[PDB]
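*Asks:*
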Amino acid sequence: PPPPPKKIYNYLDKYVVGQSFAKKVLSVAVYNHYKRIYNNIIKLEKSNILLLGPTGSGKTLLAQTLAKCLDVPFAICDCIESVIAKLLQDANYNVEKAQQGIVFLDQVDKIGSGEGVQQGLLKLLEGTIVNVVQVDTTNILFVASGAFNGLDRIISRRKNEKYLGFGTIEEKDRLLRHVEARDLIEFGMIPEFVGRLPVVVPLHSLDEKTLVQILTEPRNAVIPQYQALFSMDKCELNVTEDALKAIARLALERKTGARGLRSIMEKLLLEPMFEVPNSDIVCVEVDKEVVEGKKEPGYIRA
Amino acid sequence: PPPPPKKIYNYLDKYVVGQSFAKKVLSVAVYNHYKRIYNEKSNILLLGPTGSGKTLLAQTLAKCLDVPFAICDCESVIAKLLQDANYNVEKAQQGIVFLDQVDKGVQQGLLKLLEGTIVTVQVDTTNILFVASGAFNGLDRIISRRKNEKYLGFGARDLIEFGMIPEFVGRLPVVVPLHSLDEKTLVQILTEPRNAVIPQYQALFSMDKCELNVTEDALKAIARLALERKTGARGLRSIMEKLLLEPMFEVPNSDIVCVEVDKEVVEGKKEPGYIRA
Amino acid sequence: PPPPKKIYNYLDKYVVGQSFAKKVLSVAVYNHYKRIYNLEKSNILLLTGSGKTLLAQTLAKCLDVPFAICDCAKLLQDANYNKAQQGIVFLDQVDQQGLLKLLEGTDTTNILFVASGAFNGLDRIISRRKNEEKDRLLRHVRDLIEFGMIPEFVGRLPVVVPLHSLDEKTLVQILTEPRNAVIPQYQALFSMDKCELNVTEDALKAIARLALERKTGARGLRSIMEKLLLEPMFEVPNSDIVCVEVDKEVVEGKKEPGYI
Amino acid sequence: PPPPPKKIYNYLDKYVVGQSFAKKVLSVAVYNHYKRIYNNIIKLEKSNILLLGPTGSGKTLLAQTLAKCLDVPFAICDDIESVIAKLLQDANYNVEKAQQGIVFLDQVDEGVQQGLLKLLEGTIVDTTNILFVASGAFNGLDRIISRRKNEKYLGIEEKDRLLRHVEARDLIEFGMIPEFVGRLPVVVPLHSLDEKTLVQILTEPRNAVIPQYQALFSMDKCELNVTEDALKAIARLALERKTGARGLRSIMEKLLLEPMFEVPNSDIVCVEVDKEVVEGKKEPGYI
Amino acid sequence: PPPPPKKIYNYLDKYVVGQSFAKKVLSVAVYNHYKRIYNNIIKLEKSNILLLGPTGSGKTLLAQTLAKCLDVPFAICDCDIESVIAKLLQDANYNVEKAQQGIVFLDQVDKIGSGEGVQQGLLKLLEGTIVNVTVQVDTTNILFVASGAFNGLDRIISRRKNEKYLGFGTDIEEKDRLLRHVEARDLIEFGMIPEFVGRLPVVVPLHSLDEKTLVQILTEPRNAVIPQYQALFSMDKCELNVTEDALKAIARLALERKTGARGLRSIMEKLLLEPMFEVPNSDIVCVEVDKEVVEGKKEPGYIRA
Amino acid sequence: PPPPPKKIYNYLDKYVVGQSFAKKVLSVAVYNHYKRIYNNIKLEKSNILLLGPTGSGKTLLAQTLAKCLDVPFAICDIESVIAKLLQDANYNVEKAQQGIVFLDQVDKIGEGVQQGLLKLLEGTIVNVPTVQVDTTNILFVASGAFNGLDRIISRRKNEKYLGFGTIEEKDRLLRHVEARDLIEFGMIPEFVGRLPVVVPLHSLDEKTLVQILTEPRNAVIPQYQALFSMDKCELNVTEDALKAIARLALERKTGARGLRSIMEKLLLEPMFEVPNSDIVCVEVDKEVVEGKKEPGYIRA
Ligand SMILES: Nc1ncnc2c1ncn2[C@@H]1O[C@H](COP(=O)(O)OP(=O)(O)O)[C@@H](O)[C@H]1O
Ligand SMILES: Nc1ncnc2c1ncn2[C@@H]1O[C@H](COP(=O)(O)OP(=O)(O)O)[C@@H](O)[C@H]1O
Ligand SMILES: Nc1ncnc2c1ncn2[C@@H]1O[C@H](COP(=O)(O)OP(=O)(O)O)[C@@H](O)[C@H]1O
Ligand SMILES: Nc1ncnc2c1ncn2[C@@H]1O[C@H](COP(=O)(O)OP(=O)(O)O)[C@@H](O)[C@H]1O
Ligand SMILES: Nc1ncnc2c1ncn2[C@@H]1O[C@H](COP(=O)(O)OP(=O)(O)O)[C@@H](O)[C@H]1O
Ligand SMILES: Nc1ncnc2c1ncn2[C@@H]1O[C@H](COP(=O)(O)OP(=O)(O)O)[C@@H](O)[C@H]1O
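Chains as they are written, first to last, in full-length UniProt numbering: chain A, 165 to 205, 282 to 319, 332 to 365, 377 to 395, 408 to 443, 472 to 605; chain B, 165 to 203, 285 to 319, 333 to 362, 379 to 393, 407 to 442, 484 to 605; chain C, 166 to 203, 284 to 292, 295 to 319, 337 to 346, 349 to 361, 381 to 391, 411 to 435, 473 to 482, 485 to 603; chain D, 165 to 205, 282 to 318, 331 to 361, 378 to 393, 411 to 440, 472 to 603; chain E, 165 to 205, 282 to 319, 331 to 365, 377 to 395, 407 to 443, 471 to 605; chain F, 165 to 205, 283 to 318, 332 to 363, 377 to 396, 407 to 443, 472 to 605.
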């Protein structure tokens, strides 16, 4: 049987901190797609899916995480028939298997108004048969992604919060939570393309606990992978729990998402990484003072 | 023989609820074209909102159309019609071609189809019914700028202006605007058509051993919200999706057997009702 | 080439109001193909709202010369790739200098051109130069350069024609007399089925008046007359009605056609 | 052996009326070219000839007139190779005549000027021997010259008479790139056409307008006849219209409209226009 | 074993003067790039390197010299996007199993500031995607060093560092100091897509050339300017003697050219035009260059055989 | 073996009258290149920028210097530049990579060409559509007018000490072109830096115009004398008349382009009347050039 959304939600919870709304929406949508194929083999029309998440909040990771769980053909592509050619050779020419796949459209929010692809996608987000052999996009489920760089400003205009004079990141979380199709049209999309993608979700921008959580909680969290590199040097990196807070704050201040974590860590680790190679240091300690920059990292020597 | 347009209006009344006063024109034009098949071109253009039946009318008309049909949107489209459908080239000349999104070099080239021409064999395509469609986004603004003046004190021409060539505006001889939907349409659209939105969601929940009841007051509220975004026949889907996400998160394998929706629930004042073993 | 006498007899049947312009077009083209039968051409400018594209296709249907339409190669396709440069090019919306060598040979040296355009304010420019009344002023049409046309472009347009531009009673003739007038076509349409279709002579009077008050030329007669006969076409069929009639106040929206 | 310049002048004299000075300079320019190609087949350089034209002076027809007798491949226009390929097509791709040809460039009056700069000088795209001839109506250059006319700010023949004193200082002041002007060493002003020159233009040229129209009515079983005062009256109105030789054809076509229709079907034997006919006060009295 | 950072820094120091921070970052990174190759054969992922510096002052030289010390294929190109992997695959003798371990150097990335459309195209080769080299090849491991001049990026860091600021608030020294504060928001403010800044984690400021560093550049490193010129004169069998004060004068003159390492050539070229023109067959034994000679107070002295 | 630089100076002096300083820099530039293409088969090239106030040697310097070159040369106004060079060397890649390429009209660029040419100048692989080529050994000689740079440099030299907190000039001032000035003209410092050698060409004087008319090869008056000998007639121009021609060129302020425009005007009537209208010789005195006399004709 199709796995439930609580299996998928337990699975996605193993890689992305929370994002419970996006995790729920992906889960219910995939389940609805799998269930529909059992029946469809009244027509059961698909609903295309939209992710509005900013940089560094895991949109590609959510796709790539779901990708490792999909028992259904899936395609990864980025902003035409080569996309389905991927899916078809993924299938190994089983046309019936591809005709039920799910496609991820990375960086839809980059395309604006080329627009001819937006025009072109109208009749591929909706069903048409297409050659390479013919197969029909009618069931192919689309998941759309991008930062929609301006869209927050459009939402605030649509909310009239930018009004002035007399008249009759938490902020960004609130605004993105109230996206409207009026805004997605205004971000350079054609309204027909906004008219499809009936399900849209914000991904909430990551918070202070989320970043501290990201440093250890996920599989391949940031601290685990650094200390593995030090482990080849026969050294254990250790960081006090209080230093993780300032790192998170500093990377939150970088306004560049979870991948900003490695930049701050790279800077802090810099001196240790050059001095370690053969120097008979056994273990390297990083504390609050190191993160604050007030102290060079403390070295344990044999 | 072509059935009368009021009989054709039977077929379309089964699928698009509120466009009777454009559906009337379409039905008449088809009967004229068929009365033009033997013994002026009925070629046609659909205008107005997305999500309001432009493509559904085309596919529906073909569902009663004995002669083969092609739909396309903006030279091998007839090749699609010819290859799959057409065994008979007079039937292929007798085909119906829908050109949607036309309002989105080709315009000059379509004059060779709008007049019709030879534009294997290169058949005299004059017999083909070129029906056509598109958003024409902004036609109303041009019309508003022409229909009214800034009167002050105390007390086809639009299609050419939209950017279409005068020959092009002249050479699809019939045009219809289609209504923007209203709550009167939407409440019927929710349950009246075959394949309608609320039937499918109940079906989606019936395979999970549930009966979902949605009362008439719920639909009344939902129609209000669904029209606030222009996506029309897709505004139903977006707001039904947004509302029914949580019961669908908790229905599966969950020993729940019914949900009930009310105006407060649509308004967010109450959680979805569940009924359980 | 046939004398202009015969050319007039064909042309006259199709645009009744532009008697003067019919002569200029007919006489020039005969002499032109006479010199070819042996000699510079001279490009033609049509001064529109009155069937310029109708008139252009009229000559084409007469001569079967290469004919093509362009908006300010298709001709060799229109020539069926077969005279090679003796045809007519129609240039619409001429109301510029890059076509001058194209108006010359570029060969192109033989091509007769039919320019057309609504020179809005040429009356005021003629009113400037002079320091149906507006057509009578247009009958008085360097002055054309003063309206704003390129002198070099005007130089290749030495022949210029008013087009009887009011057409305001001849619409009634146009609704009736020409080779395929709209109301005779509708009679062929509805009476292709069993039904009658009388249109009273005072309905034509009001119908022409309607097109003129809307400030629509002969282009919009097929549309507006479609509206009156839409519901008749809708209500005739399925053996309902055979006797049908339209009358002047039905044009006025006051009433529905008769029946049995 | 290239023909002598006097013969080319008399040969070109047949087709364009009056303007000897421009014709004489263009005659020398062609003769010099065929002497240099005969002499470098030192290694003397080209010199391009620029024709300052009031519109309708015949500037284009004159070049065709030289092109007629000289049998040198010739082209005009107003991308860079788009003219040179036209010469290579016209030259029958004759590799030497492509190098030896003559090219017109029209209404030449910043990127376009600067891209042709090393095209006018000999460069390969082979321009090393192409004799460029050019035309331009640099209207107001006389006003630039007028501004140059000894103005001090501290304690119609005259227009031809002023254009007769043109120099490169005004043309840079006109807006031409100096490198382009330097590439155009010979500046020739065409004479403006008086009524006498326009009167000559109906009778003198090989293929003048009246011989053309008189031949069309001659093609019918008819004949076209015109008084000398009638020709003189036509010129007087034509000048008043401020239209050059382009406009003479138009004004003559207005007078002959009714005859052209009436005479066919063997109606009438001759038609005659007088001074009062020219004013439009009377229809021509066919016979 | 992979070469230690110790060796790389010492290897590069013979060719690149100063810039121990720039050398340290590159030294660590290529050693770390070796660690990934042996690990991925817990998953490690790449940190992309960005070098930004005043005009020409070591950026290209560091890359090429560092390129000389790579055991993996490398490719340097100037910012179609296929051309990156096209040249890497070509460069690797089409040995894909070694090519995917490659290091890519990008130049002039600063010039692609918002055009904007090129930034979004390489976002797939940064981080990871397969690339349609024909073959399809995966960029995920490839280590990218983005080099740009970022001319005027100091203008933005100065506006960012409150060196331009609003309200009551209550050159050489500044420029090197200012770039040492560079924030990610400054690359965003330059015109770089916030998406594209985010996947260039490691931002490396290269310091402006001090006057003493110019003195070392004249003689110390490999291919120093004066060694080049005595080779030219020794090919005319003539010697060139430059006093140490003349070095001080030349560097002081070159610092005034605001043109970095290329100014040494211009000042050196201008001085030796006549000697080089006169020596080749005049039996000149040696050429003497003093400080007054550099100052233009003397003609260059000749000693005849 | 390479020719000595002084030999190129004597050779270039035959075709170009003035500007020995420009000749000398190019002379050293060729000879340095010749040593460098042996040595590198390490040494690095210095490209050259020629500043030519309009109508002066720059395009002729390229052409006359080019005829010395055993290696190929290409003078063009972006990979087409490398394409043009490779074609001249008969697709012989080992000889083509050593060439001397002239990039004309560097002042006519905008930013895109400047910053796109950096990799060729500094050396990069480029393929002529393919043949793989390395531009490292291309010698670039660039020519551009840099119009109004004299006023730019003048302001630099005029605004100094001007604030309260403290043709003759064209030739004198333009000897002091500096990197700030080339940058300030609208050149990327990236581009100003990699053309280290800047060679300014002085304006042309009257004493030089007279010499050009007679002394160097293909001089203007001998060409007109040769043209007339082709018609079996001699052209005599006295020495005093040449002085007037140069004076008329100065007020034309079009340099060497203006000489032949002025001279061709005079020789129109001789060239129309002398052909096959038997004349022995024509003498143009100052009176004829002054426009106060018509050319005297010698006849049998
Ligand atoms: N909430 C999160 N938890 C764990 N990792 C995250 C989170 N947000 C972002 N990431 C990291 O973001 C990196 C880049 O992926 P992503 O942010 O999806 O790129 P983009 O958003 O530009 O498509 C991944 O390495 C992933 O580990
Ligand atoms: N009034 C309506 N009643 C029922 N369905 C409708 C109505 N309007 C639009 N639709 C639905 O819209 C969907 C898309 O077709 P349509 O909206 O006609 O195309 P477009 O989006 O190009 O206008 C169809 O599935 C159709 O069922
Ligand atoms: N006398 C006529 N007979 C038949 N059709 C006519 C006549 N006059 C105008 N028309 C029709 O009117 C339309 C032309 O409209 P008009 O505004 O004149 O545009 P155009 O300048 O392109 O002719 C065409 O459909 C043409 O067939
Ligand atoms: N002297 C002349 N002899 C014959 N035809 C002439 C003469 N002068 C002018 N024309 C005619 O009038 C026109 C001359 O103007 P043109 O050279 O076209 O001016 P432009 O080239 O500046 O537009 C040509 O059609 C030419 O035939
Ligand atoms: N510190 C330095 N030591 C030696 N040479 C240097 C130094 N800095 C710059 N250079 C010179 O500058 C060039 C290297 O950088 P460059 O190629 O100018 O960078 P870009 O890619 O910006 O042009 C070489 O000519 C090198 O000799
Ligand atoms: N000093 C000179 N001696 C001889 N000919 C010269 C001299 N200066 C310029 N010329 C002539 O003028 C041209 C060179 O000037 P050019 O480079 O075209 O000016 P610009 O620098 O504006 O491009 C050539 O045709 C050449 O014959």
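Cβ coordinates follow ideal geometry from the N, Cα and C atoms, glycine included.
Could you confirm whether any beta carbon from chain F is found closer than 9 Å to the beta carbon of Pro494 (chain D)?
*Replies:* Answer yes: the Cβ-Cβ gap between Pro494 (chain D) and chain F drops below 9 Å somewhere.
*Asks:* Measure the beta-carbon distance from residue 373 (chain F) to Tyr179 (chain F) and round it to whole angstroms, keeping in mind my assumption that it falls under 8 Å.
*Replies:* Absent from the coordinates is residue 373 (chain F), which sits in the stretch where chain F moves from 363 straight to 377.
*Asks:* Work out the CA separation of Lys286 (chain A) and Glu389 (chain A) for me, nearest whole Å.
*Replies:* If I take the Cα positions, the gap works out to 9 Å.
*Asks:* With 9 Å set as the bound, which would you pick, yes or no: does the beta-carbon of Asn196 (chain D) sit closer than that to a beta-carbon of chain F?
*Replies:* Taking Cβ atoms only, chain F reaches closer than 9 Å to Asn196 (chain D), which makes this a yes.
*Asks:* Is the Cβ of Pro505 (chain F) closer than 9 Å to any Cβ of chain E?
*Replies:* No, because no Cβ of chain E sits closer than 9 Å to the Cβ of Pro505 (chain F).
*Asks:* Could you please give the first and the last residue of the uninterrupted alpha helix (DSSP H) stretch that includes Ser184 (chain A)?
*Replies:* 184 to 204 is the extent of the alpha helix (DSSP H) around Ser184 (chain A).
*Asks:* State the beta-bridge partners of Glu489 (chain C) as determined by DSSP.
*Replies:* None; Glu489 (chain C) has no bridge partner.
*Asks:* If we count the other Cβ atoms within 10 Å of its Cβ and call it buried at 16 or more, is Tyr195 (chain F) buried or exposed?
*Replies:* The residue in question, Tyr195 (chain F), is buried, as its Cβ has 16 or more Cβ neighbours within 10 Å.
*Asks:* Report whether the distance from the Cβ of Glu495 (chain E) to the nearest heavy atom of ligand 1 is below 8 Å.
*Replies:* Correct: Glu495 (chain E) has its Cβ closer than 8 Å to ligand 1.
*Asks:* Run through DSSP, which three-state label would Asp411 (chain A) get?
*Replies:* Here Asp411 (chain A) sits in strand by DSSP.
*Asks:* Over what stretch of residues does the alpha helix (DSSP H) that includes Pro169 (chain A) continue unbroken?
*Replies:* Run containing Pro169 (chain A): 169 to 177, per the alpha helix (DSSP H) assignment.
*Asks:* Do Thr559 (chain A) and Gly182 (chain A) have their C-beta atoms closer together than 9 Å?
*Replies:* Contact: no.
*Asks:* Could you compute how far the alpha carbon of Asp177 (chain F) sits from the alpha carbon of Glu569 (chain E)?
*Replies:* The straight-line gap from Cα to Cα measures roughly 23 Å.
*Asks:* Among all the DSSP beta bridges, which residues are the ones paired with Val587 (chain F)?
*Replies:* Looking at the DSSP assignment, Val587 (chain F) forms a beta bridge with F:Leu540, F:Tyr602.
*Asks:* Please find out if some non-hydrogen atom of ligand 5 comes closer than 8 Å to the beta-carbon of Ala193 (chain D).
*Replies:* False, no ligand heavy atom lies under 8 Å from that Cβ.
*Asks:* Indicate whether at least one CB of chain C lies closer than 9 Å to the CB of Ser191 (chain B).
*Replies:* It does; some Cβ of chain C falls within 9 Å.
*Asks:* Between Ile567 (chain A) and ligand 1, is there a pair consisting of the residue's CB and a ligand heavy atom that are separated by less than 8 Å?
*Replies:* False, no ligand heavy atom lies under 8 Å from that Cβ.
*Asks:* Which residues in the same chain have their Cβ closer than 6 Å to the Cβ of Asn414 (chain F), if we skip the five residues on either side of it in sequence?
*Replies:* Taken in chain order, the residues that qualify are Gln351, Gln352.
*Asks:* Using 8 Å as the Cβ pair cut-off and three pairs as the minimum, do the stretch 292 to 300 of chain B and the stretch 502 to 513 of chain B touch?
*Replies:* Yes, the stretch 292 to 300 of chain B is in contact with the stretch 502 to 513 of chain B.
*Asks:* If distances are taken between C-alpha atoms only, which option among B:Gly421, B:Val380, B:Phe185, B:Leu547 comes closest to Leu564 (chain B)?
*Replies:* Checked all of B:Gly421, B:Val380, B:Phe185, B:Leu547; the closest Cα to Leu564 (chain B) is B:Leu547.
*Asks:* Hey, is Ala561 (chain C) close to ligand 8, as in C-beta under 8 Å from one of its heavy atoms?
*Replies:* Questions concerning ligand 8 fall outside what the structure shown contains, since the ligands it does hold are ligand 1, ligand 2, ligand 3, ligand 4, ligand 5 and ligand 6.
*Asks:* Do you know how far the Cα of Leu479 (chain F) is from the Cα of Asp545 (chain E)?
*Replies:* The straight-line gap from Cα to Cα measures roughly 30 Å.
*Asks:* Which same chain residues end up closer than 7 Å to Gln382 (chain D) when comparing Cβ atoms and leaving out the 5 residues on each side of it in sequence?
*Replies:* Hits under 7 Å: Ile493.
*Asks:* Tell me which residues share the same chain as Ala605 (chain F) and place their Cβ nearer than 8 Å to its Cβ, disregarding the 5 neighbours each side in the sequence.
*Replies:* Result list for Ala605 (chain F): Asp583, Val585, in chain order.
*Asks:* In three-state terms, what does DSSP make of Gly390 (chain D)?
*Replies:* DSSP places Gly390 (chain D) in coil when its eight states are reduced to three.
*Asks:* Is any beta-carbon of chain B found at less than 9 Å from that of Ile282 (chain A)?
*Replies:* Closer than 9 Å to some Cβ of chain B, the Cβ of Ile282 (chain A) qualifies, so yes.
*Asks:* Going by CA-CA distance only, name the one from C:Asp361, C:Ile429, C:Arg433 that's closest to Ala422 (chain C).
*Replies:* Nearest option by C-alpha distance: C:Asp361.
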